[PDB]
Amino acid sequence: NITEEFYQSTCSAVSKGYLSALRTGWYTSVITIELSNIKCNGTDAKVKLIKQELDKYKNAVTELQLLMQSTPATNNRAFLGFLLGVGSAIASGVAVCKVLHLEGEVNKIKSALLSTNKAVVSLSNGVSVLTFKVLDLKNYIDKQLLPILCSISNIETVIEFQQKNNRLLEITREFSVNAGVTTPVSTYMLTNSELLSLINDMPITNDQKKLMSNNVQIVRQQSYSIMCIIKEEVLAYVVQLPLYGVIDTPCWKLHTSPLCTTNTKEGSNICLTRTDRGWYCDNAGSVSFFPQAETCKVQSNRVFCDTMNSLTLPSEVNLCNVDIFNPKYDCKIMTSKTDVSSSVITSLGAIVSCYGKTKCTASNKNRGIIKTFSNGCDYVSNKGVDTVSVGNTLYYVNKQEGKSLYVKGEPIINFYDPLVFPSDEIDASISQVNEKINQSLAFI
């Protein structure tokens, strides 16, 4: 299943054996709530609580109408994460909400949901969306609360109205503190049973349905709830769900740590770090590279990522793991003189970069220290090891089952003459450093 390989030559480790679940597109659906357009002298304590809860309903509608006085929009951005492009996440959902403001477009939705709660509607611009009516407050108020307008009430209707109205109030609270765009999509916007049935009635493959149904918590974190329109007794908000066009392709996570020399005199040390760490997944002949591995969510061996946070690299980028000096791909590195100690916890072990006077160890629960790292970059597997200490920092290692492979090799930092080594190169590569050394050497 999950395996790992550490490369002593480049101070890096690769965790193989994962499967992909990349979000490639969006599916926009319209969630609706039918409202009541409702306009005594009694002071009954049972009806006073009804008038109180009914005023919470009037204010919620007014608050949401005041909220839609403008076009919904989220804040847009317009190691190697700074190389990414800039997208507009809710651009697809906003385009669907723009259509619902066209005249007669809401009446098309209101009539389709007249005899059922769930319907597919083709909009005027051509988009085929799935529409869902999740709360019929119009039917409840006009059939139960209106016949009391008095003092013909009971305590059982006060409780039932507070329950039905509570969802509208909570949806309002979320939109009020999020400027009408929320993520992840809470259970008030879409309950678990509603989401599961929404996924089932969705035009996707059987493999996409089973994937989304077995990982609904991830689907929520990758969805947006966009407040849309209140018109003609209909409250509509667009839910924007992820499409996983890439499923079950190989994925692997590259971990990197600084590789420095271990000379005794302080300051005369040179360092080198592979900057291409992150998640990699095979995707359509290329490799989708996610520089900020903190953007992907891992469930057992499934990896959920968003292509918006990816670069599309040639598959030859994998050669940097075996031979960082290969002539087919220019492997990205950074150079530095900052030889500070740290550790990187991998999927099945821990990389340790111990330099200077730092105390680096690997311990077990009952027995204590079992390995003492010397100066340089080293690695230990989580088999038999429970914690790793670098300086004053205690790292817990991941206790997942898997086999690691230690690939011995000469650290490539030893191949560089420190006198002509180009320190302080942040976005560099093997060929750039060689081109810079060749200039410094010719100038001597």
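One-based numbering along the sequence shown.
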| item | value |
| --- | --- |
| Continuity check for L149 and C150, given as deposited residues lacking coordinates between them | 4 to 9 |
| Absent coordinates between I155 and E156 - deposited residues affected, binned into four classes | none |
| 242 to 250 or 198 to 206, whichever carries the higher mean Cα B-factor | 198 to 206 |
| 88 to 96 set against 139 to 147, stretch whose average Cα temperature factor tops the other in the entry | 139 to 147 |
| Deposited CA B-factor, highest of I270, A293, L348, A112 | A112 |
| C-alpha B-factor winner, where the candidates are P418, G376, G402, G42 | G42 |
| Assigned third (lowest, middle, highest) for the C-alpha B factor of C228 | middle |
| Position of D276 among the chain's modelled residues by C-alpha B-factor, lowest, middle or highest third | lowest |
| Chain-wide C-alpha B factor ranking for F161, given as lowest, middle or highest third | highest |
| CA B-factor ranking of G104, expressed as a third of its chain | highest |
| Chain-wide C-alpha B factor ranking for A73, given as lowest, middle or highest third | highest |
